[PDB]
Protein chains: 2
Amino acid sequence: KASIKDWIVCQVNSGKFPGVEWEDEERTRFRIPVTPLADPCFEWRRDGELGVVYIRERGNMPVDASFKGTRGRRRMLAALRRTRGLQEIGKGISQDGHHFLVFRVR
Amino acid sequence: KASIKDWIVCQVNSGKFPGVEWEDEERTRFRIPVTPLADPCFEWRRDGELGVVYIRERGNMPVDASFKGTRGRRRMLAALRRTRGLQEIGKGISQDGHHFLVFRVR
DNA sequence: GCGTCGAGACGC
DNA sequence: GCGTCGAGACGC
DNA sequence: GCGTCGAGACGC
DNA sequence: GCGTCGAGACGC
């Protein structure tokens, strides 16, 4: 049971999820893709998978079909925001069309 | 009920509670007294009352004798740390001996 | 609300 | 001296 | 009127 | 700390 801060830092470091990435060499700012499910540029591995990994690794309930979209992602974002090691600092749209949130590691 | 950010800002503004005060004229940083109950400098009106006001005004559970110490303050501080409009940024001690936490209004 | 740490009163 | 057990503050 | 997001009170 | 469930605003 690692801290949320350490958990997310390892996920970003891993490079396992496209768009879940550092902005800087100093690794103080990271992006979390948040493209709506209804958007034509939603991509599962980018916008959906991390949320599922959060709920499988941290959640305390069975991971059923209701998590095939963004349910786990919503839960994960709430976890990141309420962590004192992190702080949402902005958001944007990439030139490839996808939506992201920006967090800073304190 | 007001948002928790609006709730605490109003409490600080009000000057009801000694030590529950702004650090700056710009009202971006406030202090919450957190002197421990068994510390020789503990003063109810400063270190205890606000926490009980939190429980009375925000909670739904009976306000019994269990809140005659720092239980309410504890629940309040947790709520303050978790709210997205606020960030705990420090801690201090004053010349009268009391301890405080510092929050920034974002 | 529990887990870790460990006050200080106690036994020898 | 140095063991016992485990206050009340605080991290989780 | 429902779906997504996610307030903040709660348990431990 | 960090899970639970799910306010009321808003997109659909």
Side-chain angles (χ1 to χ4, degrees), chain A residues 1-9 11 32-40 42 47-48 50-88 91 99-101 103 105-106, chain B residues 1-11 32-42 47-48 51-64 66-88 90-93 97-101 103 106:
Chain A
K1 293 179 179 180
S3 74
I4 294 300
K5 183 199 146 163
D6 290 345
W7 182 89
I8 197 65
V9 164
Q11 297 302 343
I32 304 292
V34 293
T35 310
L37 194 66
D39 194 307
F42 180 97
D47 304 291
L50 176 64
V52 170
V53 174
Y54 170 83
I55 219 67
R56 284 179 167 154
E57 291 184 5
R58 314 292 303 209
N60 308 284
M61 314 271 312
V63 185
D64 64 19
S66 75
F67 294 94
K68 276 214 208 316
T70 60
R71 191 178 176 202
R73 186 179 77 190
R74 289 199 304 273
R75 288 210 170 248
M76 196 207 71
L77 292 173
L80 301 186
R81 284 158 169 151
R82 73 200 178 214
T83 303
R84 305 164 61 185
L86 306 164
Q87 172 67 53
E88 182 164 330
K91 66 173 180 300
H99 300 223
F100 57 89
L101 303 179
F103 287 85
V105 176
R106 285 210 279 146
Chain B
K1 295 174 181 176
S3 73
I4 200 87
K5 174 172 151 278
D6 292 350
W7 183 87
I8 191 72
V9 165
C10 284
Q11 300 294 353
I32 302 292
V34 293
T35 309
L37 188 70
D39 189 292
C41 297
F42 182 91
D47 302 293
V52 179
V53 175
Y54 169 80
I55 284 303
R56 288 211 228 276
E57 293 184 3
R58 316 283 305 182
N60 315 290
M61 277 282 285
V63 189
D64 59 24
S66 76
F67 298 99
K68 286 187 176 300
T70 54
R71 190 178 311 248
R73 188 182 73 194
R74 188 175 178 81
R75 293 189 193 251
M76 183 191 69
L77 292 173
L80 296 181
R81 288 177 189 114
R82 206 192 170 102
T83 185
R84 292 174 66 191
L86 300 179
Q87 188 183 69
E88 187 183 334
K91 58 196 181 210
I93 184 155
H98 88 267
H99 302 186
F100 58 82
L101 298 177
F103 291 82
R106 292 190 43 77

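Computed from heavy atoms alone, side chains included, the values below leave out hydrogens, waters and symmetry copies. Every chain is numbered from 1 and lettered A, B, ... according to where its sequence line falls, protein lines coming before strand lines.
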If I pick the [atom1] atom on [M] and the same atom on [N], what distance separates them, to the nearest angstrom?
| N | M | atom1 | value |
| --- | --- | --- | --- |
| F/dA7 | D/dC5 | P | 49 Å |
| E/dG11 | C/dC2 | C1' | 11 Å |
| E/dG6 | C/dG8 | P | 48 Å |
| D/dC12 | E/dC10 | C1' | 16 Å |

Legend entry - A/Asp47 and A/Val34: CA distance, side-chain angles, deciding distance, side-chain contact (heavy atoms from CB on, under 4.5 Å) verdict: CA-CA 6 Å; A/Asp47 304 291; A/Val34 293; 6.0 Å; no

Can you tell if the side chain of [X] reaches within under 4.5 Å of the side chain of [Y], non-hydrogen atoms only?
| X | Y | value |
| --- | --- | --- |
| A/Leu50 | A/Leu77 | no |
| B/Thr70 | B/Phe42 | yes |
| B/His99 | B/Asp39 | yes |
| B/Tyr54 | B/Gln11 | no |
| A/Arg106 | B/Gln87 | yes |
| A/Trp7 | A/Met76 | yes |
| B/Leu101 | B/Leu80 | no |

Legend entry - Nearest atoms (heavy-atom pairs only) where B/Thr35 meets B/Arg73: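 In terms of heavy atoms, the two residues are closest at O-NH1, 2.8 Å.
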
Inset, instruction - Specify the residues of residues 52-61 of chain B, ordered by number, for which at least one heavy atom lies under 4.0 angstrom from an atom of DNA chain E. - result: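 Here the set is B/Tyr54, B/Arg58, B/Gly59, B/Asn60, B/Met61.
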
Legend entry - Distance, rounded to the nearest Å, where A/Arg82 contributes CZ and E/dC5 contributes P: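 From A/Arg82 CZ to E/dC5 P: 16 Å.
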
Inset, instruction - Take atom CG of A/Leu86 and atom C1' of F/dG1, then tell me their distance rounded to the nearest Å. - result: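 Interatomic distance, CG of A/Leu86 to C1' of F/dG1: 13 Å.
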
Legend entry - Classified sugar conformation, C/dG3, by whichever sign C1'-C2'-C3'-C4' takes: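 The sugar ring of C/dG3 falls in the south range (negative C1'-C2'-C3'-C4' torsion).
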
Inset, instruction - Whenever both distances are under 3.5 Å in a Watson-Crick or G-U wobble pair, mark it; put DNA chain E into dot-bracket that way, with [ ] for crossing pairs and | when the partner is on another strand. - result: |||||..|||||

Inset, instruction - Going 5' to 3' through nucleotides 6-11 of chain D, assign each nucleotide B (protein heavy atom under 4.0 Å from a base atom), S (under 4.0 Å only from sugar-phosphate atoms) or - (no protein heavy atom that close). - result: ---SBB

Inset, instruction - State whether the side chain of B/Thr83 and the backbone N or O of B/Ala79 hold a donor-acceptor pair below 3.5 Å, judged by distance alone. - result: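 Checking the backbone N and O of B/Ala79 against the side chain of B/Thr83, no donor-acceptor pair under 3.5 Å is found.
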
Legend entry - B/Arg81, CZ: over 12 other non-hydrogen atoms inside 6.0 angstrom: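 Buried by this count: over 12 neighbours within 6.0 Å.
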
Legend entry - N or O in side chain of A/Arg71 less than 4.0 angstrom from E/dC5 OP1/OP2: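 So the side-chain polar atoms of A/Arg71 never come under 4.0 Å of the phosphate oxygens OP1 or OP2 of E/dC5.
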
Inset, instruction - Evaluate the base stacking between F/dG6 and its strand neighbour F/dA7 against centres under 5.5 Å and planes under 30°, returning yes or no. - result: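 Judged on centre distance and plane angle, the pair does not count as stacked.
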
